[PDB]
Amino acid sequence: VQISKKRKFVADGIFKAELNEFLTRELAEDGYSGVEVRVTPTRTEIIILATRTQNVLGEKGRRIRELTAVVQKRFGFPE
Amino acid sequence: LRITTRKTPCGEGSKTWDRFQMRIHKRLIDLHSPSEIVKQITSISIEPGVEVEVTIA
Amino acid sequence: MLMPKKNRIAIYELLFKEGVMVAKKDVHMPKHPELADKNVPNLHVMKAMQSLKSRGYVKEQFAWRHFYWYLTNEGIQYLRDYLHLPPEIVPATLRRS
Amino acid sequence: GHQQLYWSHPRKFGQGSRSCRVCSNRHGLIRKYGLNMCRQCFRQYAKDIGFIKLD
Amino acid sequence: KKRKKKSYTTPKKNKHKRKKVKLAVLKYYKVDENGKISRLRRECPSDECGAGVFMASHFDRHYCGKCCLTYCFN
Amino acid sequence: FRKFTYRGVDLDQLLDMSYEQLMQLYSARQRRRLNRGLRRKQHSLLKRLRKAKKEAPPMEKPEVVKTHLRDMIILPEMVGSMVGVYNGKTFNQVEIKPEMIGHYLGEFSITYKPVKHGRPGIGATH
RNA sequence: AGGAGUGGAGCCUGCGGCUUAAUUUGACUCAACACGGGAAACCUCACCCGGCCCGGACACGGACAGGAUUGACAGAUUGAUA
RNA sequence: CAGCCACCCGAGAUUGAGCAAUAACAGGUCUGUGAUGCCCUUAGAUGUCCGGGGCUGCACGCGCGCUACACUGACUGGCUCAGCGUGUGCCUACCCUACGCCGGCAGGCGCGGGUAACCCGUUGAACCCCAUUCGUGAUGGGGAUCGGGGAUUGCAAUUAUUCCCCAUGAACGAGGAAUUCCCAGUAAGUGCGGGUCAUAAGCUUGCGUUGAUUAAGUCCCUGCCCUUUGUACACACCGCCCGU
Ligand SMILES: [Mg+2]
Ligand SMILES: [Mg+2]
Ligand SMILES: [Zn+2]
Ligand SMILES: [Zn+2]
């Protein structure tokens with residue numbers, strides 16, 4: 001079903017907090033600074049601000065893909 | 001939305017409380033239009049943080 | 001742990017399929033949500049994944065009651081040998097680009 | 001057998017059926033609005049959630 | 001903070017050690033001199049308990065071990 | 001003096017009565033408990049009590065069966081049965097008498113030693 | 001200057017002492033004592049009396065096609081369909 | 001001059017909070033944490049489930065409180081006004097309730113609305129107001145204790161979860177030394193919400209409602225700041241230090 005506006009706002013704040021904590025623990029060595037979540041029709045863009053973007057992406061983007069999949073698996077967004 | 005908590009992680013000292021707050025503002029707009037024009041207006045790259053829900057009455 | 005061979009096999013196909021695996025740190029929930037319909041308890045997933053990590057085949061991260069495991073290159077080779085997959089079969093993380 | 005005994009005690013309502021979504025502790029939990037976090041974890045993550053101090 | 005000193009309650013409960021039996025010779029009986037195997041134990045009448053599995057024979061009753069189905073002698 | 005009687009009905013009819021008729025004689029609670037149903041391991045204790053009563057020799061008391069359960073004192077089916085109720089560390093021996101009907105087993109196995117006070121010491125009066 | 005008090009009563013609660021198998025314990029001036037969001041039937045739970053489980057990764061040796069895993073019955077539980 | 005007092009006009013001539021320096025405490029927290037270093041333990045375990053105890057146990061001492069000692073009140077009817085807000089959940093079982101019927105009651109059974117300026121709700125709160133009976137006494141004040149019944153939530157209610165009924169009907173007649181908090185929509189009466197919450201507020205955190213006496217000052221008590229002054233202190237008076 002659907003939940004109330006109060007619960008929805010508290011929930012997306014909770015999601016943002018957990019996402020930021022995980023990204024911190026994962027990319028502290030790469031100069032992680034923050035995450036911005038942008039919700040657009042049928043898509044959610046997660047911008048990761050880091051000093052070393054190449055290390056965050058990894059070789060051929062592998063690392064970033066891993067991160068995406070992990071987010072996909074954790075918070076249950078549609079594949 | 002209000003949450004009042006004890007400041008300390010323990011139970012020691014003068015009893016001080018944090019009074020946290022969240023504020024949710026809600027706006028309603030009603031317009032007479034075909035759905036296509038409504039879709040054109042809604043998708044205008046709105047500012048982040050604002051949730052928009054279009055409903056047909 | 002003592003687990004049925006089919007359970008470990010299914011865990012390994014999942015892990016090789018997307019190269020990553022997340023699991024809630026909870027030994028009492030009866031079914032892993034991704035490994036449902038195969039009757040794989042979450043405890044089996046956590047213990048098998050910790051076995052692989054101890055052997056150096058995955059990298060583990062923890063945050064807010066959840067494990068995240070990423071397959072390593074040595075883990076990719078080990079899983080390919082374990083499940084006998086053709087050399088051309090690669091996990092989803094290595095594709096794209 | 002141990003299969004029917006392990007974790008067989010009903011856990012549906014008490015404090016033994018709730019815990020912090022961050023630290024898995026069972027004390028000082030805030031169930032209001034669905035946060036389901038203990039007091040200390042909430043003070044830690046309040047700014048990220050969006051709860052800010054005004055008065 | 002003191003030691004358990006639980007010597008009052010038992011002297012350590014022994015754990016179970018399964019007795020080692022060599023083979024499953026006693027189940028089948030070819031030895032017909034005409035290659036006619038006779039099964040010396042009943043088989044289970046359950047769906048997942050076909051011709052492969054057998055059922056034990058105590059001083060009374062027949063017991064499966066796989067599905068724990070019991071047929072008393074009576 | 002007189003034969004035992006519970007809510008106007010005596011021993012024999014109490015044995016002859018079913019649980020549905022028991023719920024009428026019992027008080028609120030011990031009626032809710034019976035209506036909600038005796039779960040397992042209550043039937044196990046009841047059947048152990050029945051077996052102990054049956055195997056008992058004539059004119060002799062039944063052997064004491066021990067239990068952790070603060071269970072119903074059911075219709076006299078349990079009356080005359082020798083039960084050791086766990087108090088927390090010991091199985092206290094209790095003989096079920098007809099006046100105990102409608103009570104809990106834990107009412108007859110005290111979980112604490114009654115206090116016999118000693119001389120105040122330390123900072124008793126600061 | 002005064003107001004409402006309370007210290008007196010009964011009860012509710014927290015602390016010490018006493019008691020106890022155990023009465024889990026942190027914190028004793030303001031800056032401990034309806035405080036630990038601490039309203040404990042189980043859970044919580046730390047404490048006491050009993051009883052199952054390994055959820056003792058991995059590496060190295062033994063044992064191994066039978067290494068090892070469940071288990072219905074009766075005993076037994078010095079509580080249980082452990 | 002910086003400003004202070006009074007008055008006019010004025011909605012208001014000092015609304016209340018939040019945040020808050022340098023520096024320090026052997027202040028509290030390893031029992032909030034997948035925060036932690038060192039120890040201890042680690043398979044008849046200090047890991048973890050599962051029964052049962054405990055955490056409440058009662059000669060006594062000490063804090064915060066609730067209800068009172070009545071007539072400026074209890075009882076019984078009648079009348080009429082709020083505000084803050086919370087409502088159906090990741091796991092997760094557990095929501096707020098109108099209306100109809102049944103039952104003194106607590107409750108029970110059907111039916112709907114509400115994910116909420118949409119339904120509960122026009123939140124028909126209490127005190128207060130109006131009338132009634134009582135009639136100065138432990139009285140119809142006051143409700144401890146205790147008995148017997150009835151329900152509800154729960155897997156279990158006994159050491160009595162909570163609620164209802166009928167009984168029982170203790171101290172207490174305004175409180176010694178000694179102390180707390182308070183300057184205006186304030187103190188104090190009075191209910192109501194949030195948290196806790198399967199079941200639940202004598203707690204706490206907020207909200208209205210009725211609404212004052214007194215003060216516009218001073219270092220007398222209690223602190224705490226300075227400033228000058230003395231020191232043989234500097235781990236700093238819990239210091240230093242002398243002799244048998
Ligand atoms: Mg002075
Ligand atoms: Mg010096
Ligand atoms: Zn927490
Ligand atoms: Zn079979």
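Order of the sequence lines fixes the chain letters, A, B, ..., with proteins taken first and strands second; residue numbering starts at 1 for each chain.
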Quiz item: Given G:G79, H:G206, H:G154, which nucleotide is nearest the side-chain atoms of F:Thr67?
Solution: G:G79
Quiz item: Among C:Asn39, C:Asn42, C:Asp37, which residue meets the side chain to side chain donor-acceptor pair (under 3.5 Å) test with C:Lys31?
Solution: C:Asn39
Exercise. Could you tell me which nucleotide pairs with H:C49 by Watson-Crick or G-U wobble geometry, both distances under 3.5 Å, or answer none if nothing does?
Key: G:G51
Exercise. Report yes or no: is there a donor-acceptor pair, N or O only, under 3.5 Å between the side chain of B:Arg6 and the base of H:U29?
Key: no
Quiz item: With stacking defined as ring centroids separated by under 5.5 Å and planes differing by under 30°, is F:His68 stacked against H:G51?
Solution: no
Quiz prompt | Under 3.5 Å donor-acceptor pair, D:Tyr6 side-chain atoms to H:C50 base atoms | solution = no
Quiz item: Can G:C35 and H:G16 be counted as paired, Watson-Crick or G-U wobble, both distances less than 3.5 Å?
Solution: no
Quiz item: Reckon B:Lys15 has a side-chain N or O less than 4.0 Å from the OP1 or OP2 of G:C33?
Solution: yes
Self-check item: Distance, rounded to the nearest Å, where F:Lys51 contributes NZ and G:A74 contributes P
Solution: 9 Å
Self-check item: Toward the 5' end of RNA chain H, by each residue's nearest nucleotide, B:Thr8 or F:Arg32
Solution: B:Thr8
Practice problem: Determine the interatomic distance between P on H:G142 and the same-named atom on H:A68; round to the nearest Å. | Solution: 7 Å
Quiz item: Does the base of H:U33 carry an N or O that pairs as donor and acceptor with the side chain of C:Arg65 under 3.5 Å?
Solution: no
Quiz item: Do C:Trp69 and C:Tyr57 have side-chain atoms, one donor and one acceptor, less than 3.5 Å apart?
Solution: no
Exercise. For H:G51, measure the glycosidic angle (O4'-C1'-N9-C4 for a purine, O4'-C1'-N1-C2 for a pyrimidine) and name it syn if it falls within 90° of 0, otherwise anti.
Key: syn
Practice problem: Starting from the 5' end of RNA chain H, give me the residue, D:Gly14 or D:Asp55, whose nearest nucleotide shows up first. | Solution: D:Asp55
Quiz item: Are H:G61 and H:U46 a base pair, Watson-Crick or G-U wobble, with both contacts under 3.5 Å?
Solution: no
Quiz prompt | Residue-phosphate contact under 4.0 Å: F:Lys66 side-chain N/O, G:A80 OP1/OP2 | solution = no
Self-check item: Check: C:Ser54 side chain, G:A57 base, donor-acceptor under 3.5 Å
Solution: yes
Quiz item: Any side-chain heavy-atom pair from C:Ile11 and C:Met3 closer than 4.5 angstrom?
Solution: yes
Quiz prompt | Distance below 4.0 Å between E:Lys20 side-chain N/O and G:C64 OP1 or OP2 | solution = no
Quiz prompt | Same-atom distance (P) from H:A184 to H:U14, integer angstrom | solution = 12 Å
Exercise. May I ask you to check whether E:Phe73 and E:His58 place their ring centers less than 6.0 Å from one another?
Key: no
Exercise. Give a yes/no answer on whether the side chain of F:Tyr86 brings an N or O atom under 4.0 Å of OP1 or OP2 in H:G53.
Key: no
Quiz prompt | Distance in angstrom units between F:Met72 CE and H:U158 P, rounded | solution = 8 Å
Quiz item: So, are H:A74 and H:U133 sitting in a Watson-Crick or G-U wobble pair, both contacts under 3.5 Å?
Solution: yes
Quiz item: Within less than 4.0 Å of OP1 or OP2 of H:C19, is there a side-chain N or O belonging to B:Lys7?
Solution: yes
Quiz item: Hey, is the side chain of C:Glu60 pairing donor to acceptor with the base of H:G34 inside 3.5 Å?
Solution: yes
Quiz item: Is there a Watson-Crick or G-U wobble partner for H:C119 with both distances under 3.5 Å, and if so, which one is it?
Solution: H:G87
Quiz item: Rounding to a whole Å, what distance do you find between A:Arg25:CZ and H:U33:P?
Solution: 14 Å
Self-check item: H:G150 phosphate, OP1 or OP2, under 4.0 Å from F:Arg31 side-chain N/O
Solution: yes
Self-check item: H:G103 and H:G104 stacked at 5.5 Å and 30° limits
Solution: no
Self-check item: Phosphate OP1/OP2 of G:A80 contacted by F:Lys41 side-chain N/O (<4.0 Å)
Solution: no
